[PDB]
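# Results of the structural survey
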Amino acid sequence: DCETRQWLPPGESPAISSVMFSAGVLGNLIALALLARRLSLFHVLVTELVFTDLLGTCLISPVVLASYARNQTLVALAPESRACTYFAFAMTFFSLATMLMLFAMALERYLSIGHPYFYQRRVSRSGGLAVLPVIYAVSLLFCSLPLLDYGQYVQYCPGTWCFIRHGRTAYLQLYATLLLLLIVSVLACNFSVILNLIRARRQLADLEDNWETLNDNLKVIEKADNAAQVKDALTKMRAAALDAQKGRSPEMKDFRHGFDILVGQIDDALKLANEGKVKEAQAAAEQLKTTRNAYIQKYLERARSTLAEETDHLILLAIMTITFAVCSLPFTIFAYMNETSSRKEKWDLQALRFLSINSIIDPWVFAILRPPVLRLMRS
Amino acid sequence: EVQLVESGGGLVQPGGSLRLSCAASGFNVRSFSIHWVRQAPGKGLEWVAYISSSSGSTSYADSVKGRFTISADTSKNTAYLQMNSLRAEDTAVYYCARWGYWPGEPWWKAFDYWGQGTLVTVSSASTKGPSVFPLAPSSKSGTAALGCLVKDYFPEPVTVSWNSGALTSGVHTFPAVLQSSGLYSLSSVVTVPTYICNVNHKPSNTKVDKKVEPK
Amino acid sequence: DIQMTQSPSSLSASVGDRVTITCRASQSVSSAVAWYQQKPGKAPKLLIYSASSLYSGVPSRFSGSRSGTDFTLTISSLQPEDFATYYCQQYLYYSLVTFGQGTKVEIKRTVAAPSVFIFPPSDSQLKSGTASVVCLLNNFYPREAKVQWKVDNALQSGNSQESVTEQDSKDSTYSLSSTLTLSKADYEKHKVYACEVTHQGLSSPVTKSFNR
Amino acid sequence: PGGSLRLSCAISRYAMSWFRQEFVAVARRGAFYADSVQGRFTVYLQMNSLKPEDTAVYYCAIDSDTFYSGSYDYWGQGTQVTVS
Ligand SMILES: COc1ccc2cc(OCC3(C(=O)O)CN(C(=O)c4ccc(F)cc4)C3)ccc2c1
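Residues numbered from 1 in each chain as written, not as in the entry; some residues may be left out. Chains lettered and ligands numbered in written order. Heavy atoms only, no water. Residues with missing side-chain atoms left out of burial classes, pairs and counts.

Looking at the method and resolution fields of the entry, one finds cryo-EM and 3.50 Å.

The structure is reproduced here in structure tokens:
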């Protein structure tokens, strides 16, 4: 009916488009301001994603506004439904590009955790800045299949917009398959990062327990006076020290060496105990503490903050992914269904609407996840 | 290659002293700590003494404190363990081993090379010839069993054969069991459908023959 | 004062079977736990060091694992050259070295009926002054057995020495010898003697008696 | 022939044993089968690959000793089993 209709249906509510445009613009501006207040590669990718969403909104909304201003559909206001193609192209173009950006971020997280030494090397900002034009070109080349007799655009509308044709053209199925593959890849990367972060948390908890045992044994040595208790506490401290070095960075070449120095001193103290020197042994323990303050305290602090930031970013990404799923799963499901039925149940429209609200939901969630996010890190 | 040879073991009277030696070949004793392990007959291993020739510290087991003295000679590259005021529990086998110093891998590979070890026996008794006593089965007994029981021999190694080595099928030689008085007893039995059991002793230089007949 | 406790003390299997040995430490040890293999009449040899890596020279059939404070030695496939005693050792410190209780793998076979024989003291042994009664248990596969001495229908406690041999090359059948030592007066005053054998595979304990 | 009958008996710290009227099998805490029992049966005595020369009464026993000394005193009543 949209293909034959060339006039705006009376009684259609035009406030929805204006509200969505205003909300998207406000969210994009807030996200850009918050990012300008702060760079890491993930933040640059988020900034590029917000900029892409802003460009998509600023290219999509004026067409819908002119459609209401002229009281005519896209086929009527523009000759040979040119806008009905162009708009649709835009409605697909960013819909892929931003999606790809998401994958990139996920891949970054993988390259952040899956390959630590690969990420430790110098990764200049030029790479992140060059990722955006490459993603744009790939998305344009992929969405350039229509208008070349390979794919067609029809009007699945309530009176304002156009989209891809479902039928003999196989571009819609390929686009849905690409979206599903990207979603599966992002989910797999997120689960891998989840498992790696759980392993890191377990290792950090084990190291903290070993450090607490070392401190307790040192306090016992300082408070004890009998040779048997001092020897038992020294044995427990040596066991706890050997149970901590079990977890090839340059700093990792000193930390391990620092433990070797510690254990060695512990052995010395044990020798003193076998010689019957109590006070001397205590002095040795003091030296132990000094070594701890010299070499081990720093590593633990670095491990804590790093992991923290990691988890933060992770949760961010995860939320984003959830959003993307809620926005693209309806569309992929429609693509696989039979066109007849797809119209009979009027499912396609809904999916499209979801896609649209995607441009609203992508930036705002960022402003939702403020730096005071430690509560969520508590889990 | 890395080898450790023990020597000096044997028979020692109670309350005496014995000097065991452990000679290393293939490395230097100043780079590896020397440990001694003791194993009782019918039991497991047990660490008794340790010395570190790099610093000079020594250590012993709680049961052997005040009786054993370990030392190391770098000029001869060996270890010497002196034992005084021995007891009946000191009848065992001693093995020498090396454990590396802490920094790095040598420490982790604990006791990578074990020596042959030597036997030490602390018993207050005199050597006695092998008293062989034949064991005769019943007159009614298809298959029959003929045995010979040697008793009251102090030294450990003794040889028992049947038919001067001609009959070697079905011969069962049980391990020697130490009695309360300190003399060993062994039994050698064989299953048969002239049978002479010859028992020769190396230290006593005594060979005893016996003829077993059905009762 | 770490006291290593080794739960497996006697296990029987054949070639190709998987063997699992567990070692427990009284105190928490990170990785200072090793396994050693001692053959009868030979020196022990290190198999697994640090419970993770394998010794240079030993076959790859042996493996080590750690779980909390419990260490596990796993043998995938047994071989006729891997039948020896296994020992667990801790080496947390130079002066802290404590071994386990031992574990000797055995060759399993079909359970058979033990042949029980009795041997009274000979005339020359009586002339010597000491009478020794012998009870022989031949061909019983399971080593675990029990022998009881009964004189004049009265049980005897003590004064009995038991000796058990190893597995034969042809068939893994142990041999047991029980010797009861008494004086000439005790042998002349008492009338009859007997040894009763209780062992898995027999419905009723097999008794062997002699009368002077 | 070819029967697959299963026999049960009425523990954890002790050992169980089966007899035929001759020793059959023993379950300890390993499992030790007899000459003809090795390979055919599996020990709950899961009897498999029966033969007509195995028609006899199967009993049950529990070892009272904790050192596997073969001391059987709690002898069950037994169940009659007939093959072919
Ligand atoms: C992908 O990037 C952008 C950015 C802005 C956009 C604005 C748009 O507006 C056009 C519509 C109108 O209102 O005229 C909205 N339409 C609906 O059918 C509808 C109703 C309710 C609802 F919650 C969501 C949608 C047609 C459409 C697509 C857009 C896409």
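From this point on, the discussion continues.
The next point concerns the overall build of chain C. A count of helical and extended segments in chain C gives two helices and 19 strands. Taking 2.2 N^0.38 as the reference for a compact globule, 212 residues should give roughly 17 Å; the C-alpha atoms of chain C span a radius of gyration of 23 Å, well beyond that estimate. Across its three principal directions, the C-alpha atoms of chain C cover 65 × 40 × 30 Å. Partitioning the contacts of chain C with sequence separation of at least 6, the portion at a separation of at least 24 is 57%. (Helix = DSSP H or I, 4+ residues; strand = E, 2+ residues; numbered from the N terminus. Rg over C-alpha atoms; globule rule 2.2 N^0.38 Å. Contact = heavy atoms within 4.5 Å.)

Before going further, it helps to spend a moment on the interface of chain C and chain A. Counting residues at the interface gives ten residues for chain C and 13 residues for chain A. Regarding the contact of chain C and chain A, the summed buried area is about 990 Å², with carbon and sulfur atoms giving 50% of it. Its largest share of buried area at the contact with chain A, chain C owes to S30, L92 and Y93 of chain C, together 53% of the area lost on that side. Connecting chain C to chain A are one salt bridge. For the salt bridge of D243 of chain A with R66 of chain C, the shortest nitrogen-to-oxygen distance reads 3.4 Å. Where chain C meets chain A, there are four residue pairs in polar contact. (Buried area = accessible area lost by both parts, 1.4 Å probe. Salt bridge = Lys/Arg side-chain N within 4 Å of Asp/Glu carboxyl O. Polar contact = N/O pair within 3.5 Å; in protein donor to acceptor, adjacent residues only side chain to side chain.)

It is common to give the size of an interface as the accessible area lost on bringing the parts into contact. Tallying the contact residues gives 39 residues for chain C and 42 residues for chain B. With five residues, the top contributor of residues to the side of chain C that touches chain B is strand 9 (residues 85–93) of chain C. Across the side of chain C that touches chain B, the residue classes break down as 21 nonpolar, 16 polar and two charged. (Nonpolar A, V, L, I, M, F, W, Y, C, P; charged D, E, K, R; others polar.)

So, about the sheet that holds strand 17 (residues 196–201) of chain B. Residue and element names in this part refer to chain B. Strand order across the open sheet formed by three strands is 13-17-18, with antiparallel pairing between neighbours. The two strands at the open ends of the sheet, each matched to only one other strand, are strand 13 (158–162) and strand 18 (207–211). Averaged over all pairs of adjacent strands, the angle between their axes in this sheet comes to 15 degrees, without regard to strand direction. In the sheet, strand 17 pairs with strand 18 via five bridges, with the strands oriented antiparallel. Paired with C197 across the two strands is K210, which belongs to strand 18. (Pairing = 2+ DSSP bridges. Axes fitted to C-alpha atoms, helices over the stretch in contact; angles between N-to-C directions.)

Its location among the elements puts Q27 of chain C in the loop between strand 3 (19–24) and strand 4 (33–38). Those residues in contact with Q27 of chain C that sit more than four places away from it in its chain are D232, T235 and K236 of chain A together with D1 and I2 of chain C.

Under the domain assignment, chain A is made up of domain 1 (15–200 + 325–378) and domain 2 (202–302). The C-alpha-based centres of domain 1 of chain A and domain 2 of chain A are spaced at 54 Å. (Domains from an automatic or database assignment.)

So, on to unusual backbone geometry. Residues and elements named next belong to chain A. A positive phi is found at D149, a non-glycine position, where the angle reads about 70 degrees. Assignment of secondary structure puts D149 in the loop between helix 6 (125–143) and strand 1 (153–154). Exposure remark for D149: the relative accessible area of 71% places this residue in the exposed category. (Buried < 20%, exposed > 50% of the residue type's maximum accessible area, 1.4 Å probe, protein only.)

Attention now moves to the packing of helix 1 (residues 15–37) of chain A against helix 2 (residues 41–69) of chain A. Residues and elements named next belong to chain A. Relative to each other, helix 1 and helix 2 sit at 155 degrees, their axes nearing to 10 Å. By the angle class used here, helix 1 and helix 2 are roughly antiparallel. Every pair of crossing elements has a handedness; the one defined by helix 1 and helix 2 is left-handed. On helix 2, the residues touching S17, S18, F21, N28, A31, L32 and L35 of helix 1 are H43, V46, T47, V50, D53, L54, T57, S61, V64 and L65. Here the contact of helix 1 with helix 2 is built from residues that sort into nine nonpolar, seven polar and one charged. (Parallel < 35°, antiparallel > 145°, perpendicular 65-115°, else oblique. Left-handed = near helix turned anticlockwise from the far one by under 90°.)

Turning our attention to the pairing of strand 1 (residues 3–7) of chain B. Residues and elements named next belong to chain B. Side-chain alternation along strand 1 places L4 and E6 on a buried face and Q3, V5 and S7 on a face that remains uncovered. As paired strands, strand 1 and strand 3 (residues 17–25) are joined by five bridges and run antiparallel to one another. Within the sheet, the bridge partner assigned to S7 lies in strand 3 and is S21.

Moving on, we come to the pairing of strand 10 (residues 118–122) of chain B. All names here are of chain B. What you see with strand 10 is a clean split: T118, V120 and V122 sit on the buried side and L119 and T121 on the side with no burial. Bridge count between strand 9 (residues 92–100) and strand 10: three bridges; the pairing is antiparallel. Paired with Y94 across the strands is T118, a residue of strand 10.

So, about the state of the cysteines. Counted under the stated rule, the structure contains seven disulfides over all chains. One disulfide bridge connects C22 of chain B with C96 of chain B, the sulfur atoms lying 2.0 Å from each other. Linking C22 of chain B and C96 of chain B, the disulfide has an S-S dihedral of approximately -85 degrees and is accordingly described as left-handed. Here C22 of chain B, found in strand 3, pairs with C96 of chain B, found in strand 9; they are 74 residues apart in sequence, far enough to count as distant. The exposure class of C96 of chain B is buried, given its relative accessible area of 0%. The side chain of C9 of chain D participates in a disulfide bridge whose partner is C60 of chain D; the two sulfur atoms lie 2.0 Å from each other. In this structure, the disulfide formed by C9 of chain D and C60 of chain D twists by about -85 degrees around the S-S bond and is classed as left-handed. Here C9 of chain D falls in the partly exposed class, since its relative accessible area comes to 29%. Sequence-ordered numbering of the bonded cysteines in chain C gives a pairing of 1-2, 3-4. (Disulfide = S-S within 2.5 Å.)

What follows is about the arrangement of the chains. Across the four pairs of chains that are in contact, the largest number of contacts falls between chains B and C. The two units chain A and chain D are non-contacting; their minimal C-alpha-C-alpha distance is 35 Å. The closest approach of any C-alpha atom in chain B to one in chain D is 18 Å; the two make no contact.

Residues and elements named next belong to chain A. What surrounds the ligand is the set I16, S17, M20, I60, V64, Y68, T160, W161, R353, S356, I357 and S359. Side-chain polar atom of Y68 to an oxygen atom of the ligand: 3.1 Å apart, as the coordinates give it. A distance of 3.3 Å separates an oxygen atom of the ligand from a polar atom in the side chain of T160. When the ligand sits alone it has 620 Å² of accessible area, and the protein chains cover 85% of it. Counting only elements with at least two residues in the shell around the ligand, the list comes to helix 1, helix 2 and helix 12 (347–368). If one sorts the elements of the shell around the ligand by residue count, helix 12 sits on top with four residues. Its residues assigned to classes, the shell around the ligand shows seven nonpolar, four polar and one charged. (Near = heavy atom within 4 Å. Areas by Shrake-Rupley, 256 points an atom, 1.4 Å probe, with all protein chains shown as cover.)

Take the UniProt feature "disulfide bond" in chain A next. Residues and elements named next belong to chain A. In these coordinates the annotated UniProt disulfide of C84 and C162 is reproduced, with an SG-SG gap of 2.0 Å that lies under 2.5 Å. Of the two residues, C84 is situated in helix 4 (residues 82–113) and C162 in the loop between strand 1 and strand 2 (163–164); the sequence distance between them amounts to 78 residues. One exposure class covers both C84 and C162, and it is buried. (UniProt positions renumbered as here; feature names shortened; annotations may be inferred.)

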